[PDB]
Every structure is written in C-alpha cells, then in structure tokens.
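Structure first, then comments.
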Protein chains: 4
Amino acid sequence: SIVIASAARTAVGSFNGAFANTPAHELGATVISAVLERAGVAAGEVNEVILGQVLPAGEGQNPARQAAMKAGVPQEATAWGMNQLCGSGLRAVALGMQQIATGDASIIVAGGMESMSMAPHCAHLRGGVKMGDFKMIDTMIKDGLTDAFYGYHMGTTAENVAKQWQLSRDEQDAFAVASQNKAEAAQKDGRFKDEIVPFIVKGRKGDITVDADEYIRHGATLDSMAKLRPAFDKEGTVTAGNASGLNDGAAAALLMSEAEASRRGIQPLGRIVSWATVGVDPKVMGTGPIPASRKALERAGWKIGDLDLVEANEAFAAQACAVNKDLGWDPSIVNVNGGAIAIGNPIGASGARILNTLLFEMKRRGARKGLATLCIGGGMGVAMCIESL
Amino acid sequence: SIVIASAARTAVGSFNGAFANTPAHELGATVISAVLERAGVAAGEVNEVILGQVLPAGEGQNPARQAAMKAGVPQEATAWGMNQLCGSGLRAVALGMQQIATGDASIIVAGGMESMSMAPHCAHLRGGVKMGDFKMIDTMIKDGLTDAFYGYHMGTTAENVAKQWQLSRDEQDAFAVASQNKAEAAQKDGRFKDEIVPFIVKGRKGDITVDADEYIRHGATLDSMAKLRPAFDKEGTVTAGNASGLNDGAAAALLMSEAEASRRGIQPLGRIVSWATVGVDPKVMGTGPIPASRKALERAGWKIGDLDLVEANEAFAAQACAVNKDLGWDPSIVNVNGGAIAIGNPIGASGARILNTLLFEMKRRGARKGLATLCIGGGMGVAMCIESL
Amino acid sequence: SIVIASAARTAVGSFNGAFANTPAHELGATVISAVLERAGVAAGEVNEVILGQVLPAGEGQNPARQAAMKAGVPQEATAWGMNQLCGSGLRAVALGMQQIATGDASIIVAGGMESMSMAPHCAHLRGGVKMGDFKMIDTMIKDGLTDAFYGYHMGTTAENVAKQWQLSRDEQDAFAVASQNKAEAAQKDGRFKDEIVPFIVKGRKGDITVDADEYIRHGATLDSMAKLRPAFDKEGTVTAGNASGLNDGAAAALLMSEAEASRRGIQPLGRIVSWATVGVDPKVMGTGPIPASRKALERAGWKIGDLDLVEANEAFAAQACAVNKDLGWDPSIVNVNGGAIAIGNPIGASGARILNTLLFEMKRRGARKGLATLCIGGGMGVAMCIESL
Amino acid sequence: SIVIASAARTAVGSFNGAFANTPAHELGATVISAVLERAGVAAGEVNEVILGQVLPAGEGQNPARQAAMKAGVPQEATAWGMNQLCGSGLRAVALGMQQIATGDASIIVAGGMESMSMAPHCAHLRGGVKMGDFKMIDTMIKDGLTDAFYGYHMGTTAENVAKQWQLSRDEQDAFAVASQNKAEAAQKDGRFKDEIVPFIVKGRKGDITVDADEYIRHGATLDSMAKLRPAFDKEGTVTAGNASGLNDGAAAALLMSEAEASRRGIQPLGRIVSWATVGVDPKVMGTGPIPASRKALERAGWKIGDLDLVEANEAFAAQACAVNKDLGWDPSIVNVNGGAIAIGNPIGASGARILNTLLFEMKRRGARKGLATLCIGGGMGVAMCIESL
Ligand SMILES: CC(C)(COP(=O)(O)OP(=O)(O)OC[C@H]1O[C@@H](n2cnc3c(N)ncnc32)[C@H](O)[C@@H]1OP(=O)(O)O)[C@@H](O)C(=O)NCCC(=O)NCCS
Ligand SMILES: CC(C)(COP(=O)(O)OP(=O)(O)OC[C@H]1O[C@@H](n2cnc3c(N)ncnc32)[C@H](O)[C@@H]1OP(=O)(O)O)[C@@H](O)C(=O)NCCC(=O)NCCS
Ligand SMILES: O=C[C@H](O)[C@H](O)[C@H](O)[C@H](O)CO
Ligand SMILES: O=C[C@H](O)[C@H](O)[C@H](O)[C@H](O)CO
Ligand SMILES: O=C[C@H](O)[C@H](O)[C@H](O)[C@H](O)CO
Ligand SMILES: O=C[C@H](O)[C@H](O)[C@H](O)[C@H](O)CO
Ligand code: NA
C-alpha cells in the first residue's frame, strides 16, 4: 500500500570542502528533481515535501520550501522541515508514508539535507552586553553534536557505550578500517554511481560537477589508524579515525501507494512494511538502534536472521560494534558499501543517505528484505524495514 | 476516533517581556506537564512528544526532547521538533493525530513552543571574513519573518494582500481595535483562565509566576489606532497597530484515541474530524487559510455556515479581513475571545495557541463544530475541524 | 620654559551615562575649542593636537585629527593619538611640551579623550573559525583593564598592593568615602565650574547640556560601602565602592613657550618645570606614582615638602593609600577636591583630567608648587611638576 | 646630536600570509632584540620603547610594553604606542629623538609594528540592538584605510590625486611595474639581507623561519598590470596592481646621542639632522610628503639637489608620481630598491620600514644625505633627513 518509487542523493562532501559554501536547500533541490525524473513523476504532481534538517540557522524561512520551490514543485503544494537529529532523514520518510497511509496525500518527496559547513556561530544579543566577553556559539557543535543534558559531545557517549561494551581501541579501529575499505571498493566499482546524482557547484570562476564521495580515504590501514590520538577522552578510545566526520549532503525518496506506482508503470525500489522509534539513556545513546531495530522487526514480524540487508549508521565505531554485537546479525551484510565513518555523516540527511545505499543495493543484488537504522542524540533510535517487490 | 483529551498553554509573553530569558523548552515542559495532569495521564505513558519550533538556534540538541525530559516523560519515549512556520503549532497536532491513526502510537503530546526573545544573531564564519564589514543576522527575522524568495517581510506580503483586496487603513484599524477590545474583555472576565497554566519564571532574586497574557493593551481607543505610522511601507497601510507582534510561549494538546479516553473516563475537549494544508502565491501568503479551510471543511463534509465557532490566526489586519470576506463565515463567531493582534503571535506555538483558545471557548458556550486556521510564510495555510462530543 | 596657557575638561560621564553614545572625538573637539577660547588663541594658530586615547577601536582614522578638524584647527596643522594607558592624558602634555622645547612647534593642544562606553566588542575572523566557540572580546576590558602578562584585571593588581602594604578593607573604605565627600563638597561649592566646559549632547528630541560630574555620589555612607562584596577576589578587599569607575570624558591644555604667552599677554595657569615616567613590576602597577613622582621631583630640584598641592590619581583606594604612605606627603594637600573614585576614570583622559583639577585649584588657592601623577597598567607611573607664574 | 646606532626590520608578510596569526608585538620584540644585538647594547640599558601601531584592537594592554618586556627590556624602563597612521613608524623615531634631545632619556628603541592580518572585526553592543541585523566592522578598513571626513577609502584619495595631476592609468602602471622589478632585483641581489632580521613563526608542527619579503612579485608583467580592474572607482585608474598592499611587519631603530655612540665605539647608521610633519587637504592626502619633505629640508639647511638617496613611501602609484613630479628630485635616487607597491605597507610599521631600507642602502653605497617621507590619511605628511657620520 505504500512504496518507494525512486531515491537519490548528492555525494557526501567533506567539512568545508566541495560544498563548503553551498546552502542545504540547494543540495536538496537537486535531490528533489532527481527523484522526480527517476520516478518519471512531475513536480506539479507532488503533494508535500518533507525535509529533515538539524542546522537551518540563517538559511531563511523553511528551507524545505526553499528546496521544493527551487526544485520546481509548484506553490500549490506544501513543505516543511523536521528535526529528530541524525534520525531526521529517515524519520522524514516514515512521516511521508503516514501522510499517504492516512489519505492526506498521494505523492510525497521525503528525506533530509544538511550543510554542516554552512552552520553559523551565534549569540543571544537583544539585551546588549554592558561589559565583558561573550560567547559566539558554534551552532553545529551546540545544536548538533552536544548532549543537552550532560553537556558533552556525542563522542563522549560513545566513550560510555564503549566502556560499557568493553570495546577495545583495537576492535574499534578494526571496524573503522573495514568501513573505509568497503566504501573505497564500492566507489571504484561504481556501486555508488546509481544512487549519486551529480551536483553542480555554481561558480563565477568556473563550475564544478561533484559526483563522488570526497570523504572516503583511499588505502586506509590499521597501522596508520592506531597512530591517531584520542579526540574526546584524553585517555579514551575514540578518535577521528574510528568516529564519523562532519559533512554536507542531501538525500530523499519518492513516496506513493503501491497501487499508484502500478498505474504509472513504475517499478518501485521497495515497500515500507514498518518502522519504529525508541528511547534509551542519553549517556549511551549509541545503543538506541537496538530497541529501534528490534521493534521494527516485531512490527514487520521479521526475524533477525530473515533480514538480507542492513544499513546501520556508523556514528562511532564503538557504538556500531555494540549495535551489531548485540543484534547478532550477519556481519557480512552490514554496510556492504561502507558506513558513515567513510562516506560521511551529514547529520540531517544521514537517515535518507544510508536509505539510498540500502535500496540501490537491494536492487542490484536482488535483495528482498532489509533494514535501515540510526542512533540519535539525546538517546533515541529510528528503524525501518523495506520489502522489495 | 482521535480526540484531544486535554490541552494547556502558557500566557503569551510580550517581546523581551515576561519570558525574555526563558528557553522555549522550559516553556514547553510546563505545557506538557499540565496536559498530563489536566487529562489525568502519567508522563511515563507518553509515546512521543511533537513540538513545532521555528527558532531553536543555540538552545542545544532537539529542544523538543529537552521539553519532554524536563516535563517528566522518561527516556523511553521519543520526541522531535518540526517546522511549518506559523502553522507549526497546529500542524504538530495533525501529526500526533496521525501517529495514532496509523496505529503507530497510543498517546501523543503535540503542540508548538517558541522563544522569539531568545532567538540569537548569527553569521557563518567558518571560511573567515578576509576583509570588509559583514552582517550579524537576527535569526528571528531571517529564519522566522522574511520571505526566502523575495526577501521582504511578512509585513509586505500583507501589504500585497491589502491592495489586492483593497483594504483601507481605517478598515484594518477597525479589525485591530475590535480584536483588542475583545481581548480586553475576554481576559478581565477570566475567560482565559482555564486554558492558561501559570509558568514560574525562576529568578535568583525574586521568583515570578506569570498567568496573564501581558501583550493585551487595555482600553484600545480607535483614535490612537489611526495615529501610528506604517511600519513596513513608507506610506503603506500596515502598522504595529494592525499587525501581529513578536511573542514567546508554548501551547499544546494531549492526544489519544476516542476509545482510549473512554477507559480513562476522561471528558474529551473534542474529536478531530479533518485537517489540511495548501499552498498559495508567496507574495500573498496571508491568503493561506482560505484554501486551507475550504479543504478541511470539504473533507469534513461541513458547510461554512455550519461552523459554530472559528479561530483564524491574526497574522495581520489585512490577511484577516481577507480570509473572512472570502470564506464568508459569520464574523461574529470568529475570535470570540480575541486574536493574535492583541493576544500575541508566538510563531511556532501560535497554531496550538489558537487551538487551545478554540477548545476552551467551545466547552464554555457549548459548541459542537468549530475550526482553527493559520496562514504560513512562503505561502501556505493549515486548517483543522474540531468536533466536541 | 613651556607654560600651560589654558586648560579645560568635560564633566566626567558615568558608564553608559550622559555620553553613552558620544564618540570620544566629539568630547575632544569641545575641549580643544574651550582651551582656545580661554586663552584668546584662534584655531588657525594651532600647530599640532596630541590626544592620548586607549580605546579608539571603531571610531575611524586617527580620532585626534577628527577632533582637531571638528574644532576648526586648520588642515595644515597635524594631529596624532598615543597610548600609555591611564598615563596617556598627562604624557600627552609632556610630549606637547617637548615639541615646543625642541623648536618643532609653537602652539600645541594636548591632553586625552576616552569613551569607555563606546568601546566595542571584537573578534579576529580573517583566518576563520573552522569549528568551536569563540569569544567576542570586550576591547575595554581586554585592551584597557587586563594585565597582558598576568592575564588578570587591574583590580587584582590592586589586591596585590593591599596584601603587600597590609591595607585593610576598612582603611580602603574610609579613603573611598573621603574621596566622595570631598568631591561632593567641591562640586556643591562650585569648585569644578572653572575647569569644566559644558558639552552639548545632541538629540532629535532635544539637546542636553552636561556640565556636572555625574559619577559623584551624593551622601555616600560608610555603611553601604562596607556592605559591598569584593569585585576581583572572593577573599579580597577591593570593591566597586573603593575602586575607580568606568567613565567617559576629555581634557586638555594649550601650550606655548613662556615668552610666547608674554607677547600675547596671557596669564598662564602654570609653568611645566619637570616630568618623569618610570616602570615598576606589573603585578603592583599601582605603585608606579612612587618612582615617577620622586624622579620628577628630582628633576625639578624640589623636595616632597616643597609641594603645595598634589593630584595623585585614584585608580584604587589600595594603591592611592600605598602611594600616599610611601611618599609621606601631607594627605590634606592631596586630591583636595576628591579623586577618581568619586569623579571617574576615563582612562585616556584621566591624566589631563587631574591636571585640570590641579591647575584650577592652584589658581584658586594661590598654591605655588603642584604635582600630578598616575599609575599605569603593565607597571609604570608618570608625574609632572607645575609651578605658578 | 642624536644618531641611529642600529636598525632592523622583519621581512614584510603578505596579507594573511607568513604572519597571518602572529600578534604585532611578537614581530616587535624580534626587531627590538635585533637592534640591541646589532648595536652591542644590552636590553637592561634601554630607557623607553616607542612603537607606532594603528591597529592594536584585541591585542591587550599597550602592545608596545608587551614587545619590550618580551625582548627583555627591564620592567623599570617604559613603553608606549602612538598613532599618526602611515606616518607612525617614522614619527616614533622623531619622538624618540626628542626624548634624548630634551635630556629625559639616553637610550630609546623606536619604530612601529603592525599586524593587519590580526586586525579584528568589531561592533558597539553595550546599548543593545533590539531587533534586526547589525554591522561587524572591519577595524583595518574603518580605523586604518577609510577617510574620517569624506567616508571613502585612501584609494579614492589616490584617484583624486590622479585626476588633479593628470596621471594616466598607463603612467601609474609603469611606475608599479618598475617598483616590482627594482624590488625583485634587490631581493635576488641580497640588498634586503642586512636590514632584515629573521622571524621564527612558532608552529606546533614545525617552526618556520621567515627572512624574505614575500609580497614582492617575481616577474611582474605590464600586460597583467594593464589588465587589472580599477579597485575603488569603476571608471578610475587605481588598481590592486598599482596600489600598495595590506601587510604585516615591524621595524625599528636604536637611538642615542652622538656622544654616547662614540663612548660605546658604535659606528652609527646616521645622524638625525631634521624632521617635519605638515597637514594637507584630506581629499589629497597622498600629497603630504610634498610640504613635509620641503619643511624638513629647510630645517636641515639642505636643497632638494643635496640629497643622495630618497625613500618616499609608495602608498599608491598616483600619489608617489605626484610627489616625485612636484619635488623634482632625480627619480633614479628614489626607492632604488623598490617601494611599498612591491614590498608591502604594514601601516604603523611602514615609516620605520622605509627608514631601514634607507639607512642600509646609504651605508652600502656610501650616500652622505638621505630623506625618508610618507603620506598620511586625513591629510598629512612626515619626513626625516639623515646624514652619514
Ligand atoms: C569595580 C568594577 C569592576 C565595578 O563595575 P560593575 O560590574 O559595573 O559593578 P558596579 O559599578 O555596577 O557596582 C555594583 C554595585 O555597587 C554599587 N556601589 C558602587 N559604589 C558604591 C558606594 N560608594 N556606596 C554604595 N554602593 C556603591 C552600585 O550602585 C551597585 O549596585 P547595584 O548592583 O544594585 O546596581 C568597575 O567599575 C571597574 O573595573 N573599576 C576599575 C577600572 C580600572 O581599573 N581602571 C584603570 C585603573 S588601573
Ligand atoms: C587595493 C586593495 C583594495 C586590493 O586588495 P584585495 O581586495 O585583497 O584583492 P587582491 O589584493 O587579491 O588583488 C586582486 C587581483 O589582482 C592581482 N594582482 C595584484 N597585483 C598584480 C600585479 N602587479 N600583476 C598582476 N596581477 C596582480 C591578484 O593576484 C588578484 O587576482 P585574483 O582576485 O583572481 O586572485 C588593497 O590591497 C588595498 O586596500 N590597498 C591599499 C592599502 C592602503 O590604503 N594603505 C595605506 C594608503 S595611505
Ligand atoms: O508563484 C510561484 C510559483 O507558482 C511556483 O514557484 C511554481 O509553480 C514552481 O516553483 C514551479 O515552477
Ligand atoms: O572579572 C574579570 C574581568 O576584568 C572581566 O570582568 C571578565 O573577563 C568579564 O566578565 C568577561 O570578559
Ligand atoms: O509481531 C506480530 C506480527 O507477527 C507482525 O506484526 C506481522 O508480521 C504483521 O501483522 C504482518 O503480517
Ligand atoms: O609569455 C608571456 C608571459 O607568460 C606573461 O606573463 C603574460 O603574457 C602576461 O603576464 C599576461 O598578462
Ligand atoms: Na602625546
């Protein structure tokens, strides 16, 4: 009754790199028209555009609408952004599906977008500062990366999950090296070409087409990996080697009923059989995908062994190992083309990002059942099982 | 089948006034706690918390989650923020309603929360400013009050509507006084008492309890209303006097299934019979609730004259006068207790604000079928039909 | 040799008080015009204007020249600013004297000006801030009041002196109340009228003439002084009450040779007989007036007992007391009309402010020998000896 | 009477180049240490340090004292900063001479230092902006390079001069290419080695020694110069190419009486025979060197033709050409090793920069009589005459 006709995503850019000066809605616009032409559906035929996005400060009114309008979606349609942190990009898609499961809409474009590069610094200033220094706050760190309850970085909560799971620095780096190698191989073997839609970075002094993930490091090695020093805990295990990076990107999916796609002669990349969102202790948020995926499975009624393919977002090596280690699913079907550690973590769009990677892989290998999950700041997690046709 | 067990709202604060230094989430929490108590539900029974919010920069990760946590809702539950501008507060309810209607949740706390006082200035400084002056941007205006396509204020889109609907300065001034006087009377007669849950402005040097909409000016003389000068157009028709204002606040409703409240023995404030959101020409965004209301009525099978009461958000005196004249609903049953012009307009919370006013004035005079509606920047409208039982 | 033909100062404004929005060069222009008028000297005759000023950030190119031009000093004259911290306004007078002594000028206007209220906050943003909070620095605090070697406020140097000289909280408070009561008495008797030139603060809703020192506290009590909390150390003895304030103002002197004043028939306020500047340990900068005053006295050929009047700037009660204790001059001849604790301390203008007060009191009482001296952040003192003609 | 015992300057760094993150006082301390070492004079013998500096915002209290203390000049000596714009570094040397002439000091280190790269952006925020964007002001542009009376850049004053003296774009471009080619030749030949002291930029990942002027363009062509667009007036003649640059550096001279140098057995770089400063119209400030140089020559009792070598600072080709035209000195003796168009223009330092270049070239070629002169924003010139011992 509710399928995903098509999907697509920009490449993931590196912090202050290829998209260092590109507003999120511009990446979003690209993804909106991309899915449109991939589904063979017109813009005027879109109901609503649902775009998760964690860091909008200063981009102007409702970037979801900015995105929709640039993309070519008519004013007659509606649009909005939503925030479940790095669970936004995927939640948005479950949100999109309900709209149609309720009869409120027929066709929805949903995903997420983020320009971590463009996130400004800010200060509350209306009162005036009679005297003394004041703080210009990094909205990226403050609003995206810092736990509002304990005051420390997500990274720290990985330190807590790690310590909790007795996960060694070596096993973490061990996971980190794999992700880079998997992601590297896939990229050079064009396993990303399908899902990536090139983005044209406009420039007075020449234009540049970006159609590849510039954050994947070629020839990652265990040896060079262990040379790095702790990033968060001065005597901790987490490093800029086994932690996800800061990135820019966008991704999305076209949503219509299964009877709707049929008329259009469209062959959907999957059907949503369920999803779930669950809460855990913020100190150890990285564990959230456990209850998340374990509810999704219970709803779809699937068994952890029945899953063919899974994409479990790689915020931190520590939390990934722990997630997999507990759910006990086949390691060789997890992040087949690499994970966020390598591809990047554009928070807002990560949920739609890994979604694409998931779907376009289920197709090229003939996978039927899958699952895409993510952990969330504040102690949450989002799930969704996909059932190819 | 989907009802609003209870609903509460803080008094609307004035700009830099009552809640000048109070974080939106602190405001939200009050509301969340209140709804639970007013219904009789316990915070631990809460599935998810949904809070619209347009201006959260620098408030830290997912202030929605922050609201639920401070309010008592355990780490088990989920929470998120969403953004549909001034329709955020009402949209959120339609969202929460959907979580249940899709059999995804059991109990939802939905509403909006806003601190336009605590909105900061920002700049993107990552790349650095090589040479020359730059602007620190007021997020409240940039992200909340300015059109992203034309670059002018919502006050100018109202100018557009006033000229295209030919509404004179006198006419608009008339509606402004009318809404003010109604606000002045409805308040003194304690008609706002039920909906308002007092907020405790914690102070190191003197604690303060606020439970009265302070933005309402007493004795609104039509004379001084025609003395002010245009605030947007150097010779326009819109002024501070006939335009809505900057305000703080949080407002919300508890949502469960009609069958759910049945067991709890709760006397419902009403059942949601439909809702809708439609886009209109950006330049004239004010005309949003016009097709948004016909849509919701169309869905509900109700005729405009069948309405027993109406809350049309007063963004401006022009858009207001325009919405009524076209929809042709009895002007006597619209904003019986006043409107945004006099009460205040907490962008993200406004949708719930008026929603609350709707449900309590319905119970007081004994209405069965009403409707709340708001216009949304970028050119959209949101509407929802409420049936008491 | 070189005489002071005339002098003038503005009243001293309180922090963000009377001159809250008045650029320093506007205050300076009024004092330049006053010295000229008082001496019967035309602006066209001025060779150079030299104005000490510690915090000119944002005021534009060379405020000394802006003030001179505003006063009608011809484009063919020159002007410059300089900075020896609180010593600036007196050092400028010494530098002006030297222009005449070496034959490079005939007529100099010299003193200082300062708008502590108008000093901005700042940040170096050229290299960009890739990630993480950064401070907006209060230039008043950072460039005016913080020791660059130890990183603590001048107030902390005040505590160092109090500890070293064993100066009790009670002794410091008595000194402070005494300063206030002397300043209040002098103000009431009219003793600041001769020195002050009124300043017209321009305004759309009326101009305001300022001609009284607004910082002086009328009816200051020892009880309220004693109840103040320490402002720089939890276990300290320096407070808001016994420290000087943050203030705006300007002050100057018109100089020329003694022979020149005779040809003009001017009766000068005094002959510059000697000056000196010497360094001390930054940790006890408040002791600077000791070696500087001794050196100046040595250069003049005077004993301490030879002095008839002294202005020793009151940066803090603690240092003012150390200085008086070490020099041993009769306290009854020092700051006889009160000092900076009562009158204010606009940094760059202070040394010329106290020179004004000294000069006009010498004239009033017929004192023959005077000395002005100030302490200087980073460990210096400056002193000047003046003899009546 | 007063001689320059020794001198030194840092290489001049490009805007945001080698010294992008080096506070001016660090450059200053290296040049102070250098003049001491070059003269055989110990830091403990220094009486005062005087350093021109136009842009010290955010550097902390009195950077002049910071430089001196860092170079080991004792706490008992004194130090101060001054500002006569581009004239500062040369004026400080005349001021330092005057300390010795009046018998108030024996040993002075004087010059200037400037970090245009480190100059911050600022805003006055004590009052408090209620609502809306505000400007962060580039202190370098506002306080260093904008005329205070006319509101336009020094570059516009150059256009004013180009029109009044009828200087074609082609003439200004030829001048600029010649400055570069002369500077490139001198650099390659080693003629800046003597004057330059190397500066060590401290880096966590490696110290870098800077001993070459990095702004000098190697192989500058007329074709590329001719292709540049006017930088200040769309129909003007002044460009990035024929204007001086924005730069960082410091430079100084060690001063003492001729009798003192003899006792020490020092062979001085020169005797200071005269100096002068004079004002002109701000609109044509680049002409200041004309009356200043003429006044200095009169004071020296020298004819223009008596000069053997000239350094006339190249603020802009237009003004440098006008200066040369009006004075009529042989252009073959002016800026023989290139000027500021090629070498850079670290404003507060520039006057002592060109003094250094002058002294070492006089020494090498055996020139008896030299003159250094600079133009000054706001309408001023400064010049100094030097004779070999
Ligand atoms: C001491 C200092 C930090 C205080 O500044 P501040 O943060 O504004 O604190 P205030 O000046 O507002 O004083 C605070 C309180 O003490 C009071 N107070 C000050 N003097 C008082 C007196 N003589 N009697 C009674 N109360 C007094 C205020 O009225 C005030 O009351 P409030 O808080 O209810 O309004 C500041 O003035 C300063 O730094 N002075 C020294 C500056 C300097 O070093 N210059 C160069 C010298 S080297
Ligand atoms: C003129 C000025 C505004 C330009 O600086 P800017 O805004 O940073 O721009 P640039 O310096 O990079 O110059 C721009 C271009 O010309 C080039 N250029 C400069 N000199 C050149 C030359 N001699 N030949 C060929 N190209 C040259 C650049 O490489 C550049 O090309 P790009 O933009 O594609 O990279 C600035 O240097 C200035 O204000 N100078 C005057 C300073 C002053 O007034 N001092 C005191 C005077 S009293
Ligand atoms: O007035 C605005 C327009 O109606 C819309 O922007 C348009 O329909 C779409 O963007 C598609 O071109
Ligand atoms: O108290 C010590 C300082 O002098 C300042 O008061 C402090 O640094 C400000 O509160 C913020 O800069
Ligand atoms: O866990 C309970 C059930 O087995 C599942 O919800 C099932 O898969 C669906 O009802 C669809 O068949
Ligand atoms: O072969 C010639 C050179 O490469 C020159 O540098 C070039 O022609 C000019 O600089 C163009 O402006
Ligand atoms: Na001076």
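Convention: sequence-line order gives letters A, B, ...; per-chain numbering from 1. Just so you know, these numbers use all the heavy atoms, side chains as well, and skip hydrogens, waters and symmetry mates. In listed order, ligands and their atoms are each counted from 1.
The option from A/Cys385, A/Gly301, A/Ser274 that lies nearest to atom 4 (O) of ligand 5, judged by heavy atoms, is A/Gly301. The heavy atom nearest to atom 18 (N) of ligand 2, considering only D/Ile141, D/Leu228, D/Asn345, is found in D/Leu228. For atom 40 (N) of ligand 2, the choice among D/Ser244, D/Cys375, D/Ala243, D/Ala231 with the nearest heavy atom turns out to be D/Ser244. Nearest to atom 21 (C) of ligand 2 by heavy atom, out of D/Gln319, D/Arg217, D/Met285, D/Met225, is D/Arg217.
For atom 12 (O) of ligand 2, no protein heavy-atom neighbour is found at a distance under 4.0 Å. Protein non-hydrogen atoms do not reach within 4.0 Å of atom 29 (O) of ligand 2. Within the 4.0 Å cut-off (strictly below), a protein heavy atom is located near atom 8 (O) of ligand 2. Not a single protein heavy atom sits closer than 4.0 Å to atom 7 (C) of ligand 4. Counting only heavy atoms, the protein never gets under 4.0 Å from atom 2 (C) of ligand 4. Checking atom 46 (C) of ligand 2 against the protein gives a heavy-atom contact under 4.0 Å.
Residues D/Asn345 and D/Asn247 have side chains that never bring a donor and an acceptor to within less than 3.5 angstrom of each other. Side-chain contact of D/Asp248 with D/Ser117: a donor-acceptor pair under 3.5 Å is present, judged by distance alone. Of the N and O atoms on the side chains of D/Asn83 and C/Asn62, not one donor lies less than 3.5 Å from an acceptor on the other residue. For the 3.5 Å distance criterion, the side chains of A/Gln98 and B/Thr102 qualify, holding a donor opposite an acceptor. Side-chain N/O atoms of B/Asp104 and A/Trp275 include a donor and acceptor closer than 3.5 Å. A donor atom on one side chain and an acceptor atom on the other are found under 3.5 Å apart for D/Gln172 and D/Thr237. Using modelled atom types, one finds a donor on one side chain and an acceptor on the other under 3.5 Å when comparing C/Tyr152 with C/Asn160.
Contact of the D/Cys375 side chain with the D/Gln319 side chain is registered, since non-hydrogen atoms from C-beta on lie closer than 4.5 Å. At a threshold of 4.5 Å between non-hydrogen side-chain atoms, the residues C/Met116 and C/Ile347 count as touching. Residues D/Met118 and D/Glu59 form no side-chain contact, since every pair of their non-hydrogen atoms from C-beta on lies 4.5 Å or further apart. Between D/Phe232 and D/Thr239 there is no side-chain heavy-atom pair separated by less than 4.5 Å. Looking only at side-chain heavy atoms (C-beta outward), C/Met154 and C/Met285 come within less than 4.5 Å of each other. Considering only heavy atoms from C-beta on, D/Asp147 comes within 4.5 Å of C/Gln61 through its side chain.
Looking at atom 42 (C) of ligand 2, its nearest protein heavy atom turns out to be D/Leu246 CD2, 3.9 Å. Scanning all protein heavy atoms for the shortest distance to atom 14 (C) of ligand 2 gives D/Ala240 CB, 3.8 Å. Scanning all protein heavy atoms for the shortest distance to atom 10 (O) of ligand 4 gives A/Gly132 CA, 4.3 Å. For atom 9 (C) of ligand 5, the closest non-hydrogen atom of the protein is A/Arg299 O, 3.8 Å. If you check which protein heavy atom lies closest to atom 2 (C) of ligand 2, you get D/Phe232 CZ, 4.4 Å. Remark: minimum distance from atom 5 (O) of ligand 2 to any protein heavy atom is reached at B/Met131 CE, 4.3 Å.
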Check step by step if side chain to side chain donor-acceptor pair (under 3.5 Å) holds for D/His218 and D/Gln180. CA-CA 8 Å; D/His218 286 28; D/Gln180 300 277 9; over 6 Å; no

Apply side-chain contact (heavy atoms from CB on, under 4.5 Å) to C/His124 and D/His121, showing your working. CA-CA 6 Å; C/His124 169 242; D/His121 283 75; over 6 Å; no

Assess the residue pair D/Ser179 and D/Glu314 against the criterion (side chain to side chain donor-acceptor pair (under 3.5 Å)); give the C-alpha distance rounded to whole Å, side-chain angles, the decisive distance to 0.1 Å, and a yes or no. CA-CA 9 Å; D/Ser179 180; D/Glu314 295 174 358; 2.7 Å; yes

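Every atom of ligand 2 is numbered from 1 in the order shown, and the set under 4.0 Å from a heavy atom of A/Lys205 is 32 (P), 33 (O), 34 (O). Atoms of ligand 5 found under 4.0 Å from any heavy atom of A/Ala300, numbered from 1 in the order shown, are 7 (C), 8 (O). Interface atoms of ligand 2 facing D/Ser224, defined by a heavy-atom separation under 4.0 Å, are 24 (N), 25 (C). Ligand 2 places these atoms under 4.0 Å from at least one heavy atom of D/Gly241: 20 (N). Of all the atoms in ligand 4, the ones that sit under 4.0 Å from a non-hydrogen atom of C/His153 are 4 (O). Near D/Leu145, the atoms of ligand 2 lying under 4.0 angstrom from a non-hydrogen atom of the residue are 43 (C), 44 (O), 45 (N), 46 (C). Listed by number with element, the atoms of ligand 2 under 4.0 Å from a non-hydrogen atom of D/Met154 are 44 (O), 47 (C), 48 (S). The atoms of ligand 5 that sit less than 4.0 Å from any heavy atom of A/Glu298 are 1 (O), 2 (C), 5 (C), 6 (O). For ligand 2 and D/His153, the ligand atoms under 4.0 Å from any heavy atom of the residue are 39 (O), 44 (O).
Not a single heavy atom of D/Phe15 sits less than 4.0 Å from an atom of ligand 2. In this structure, C/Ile141 has a heavy atom closer than 4.0 Å to ligand 4.
In this pair, C/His153 and C/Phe316 present their aromatic rings perpendicular. The plane angle is above 60°, beyond the 30 to 60° band.
At a 4.0 Å heavy-atom cut-off, ligand 2 does not touch B/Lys130 at all.
Some N or O of A/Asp133 is nearer than 3.5 Å to an N or O of ligand 4, by distance alone.
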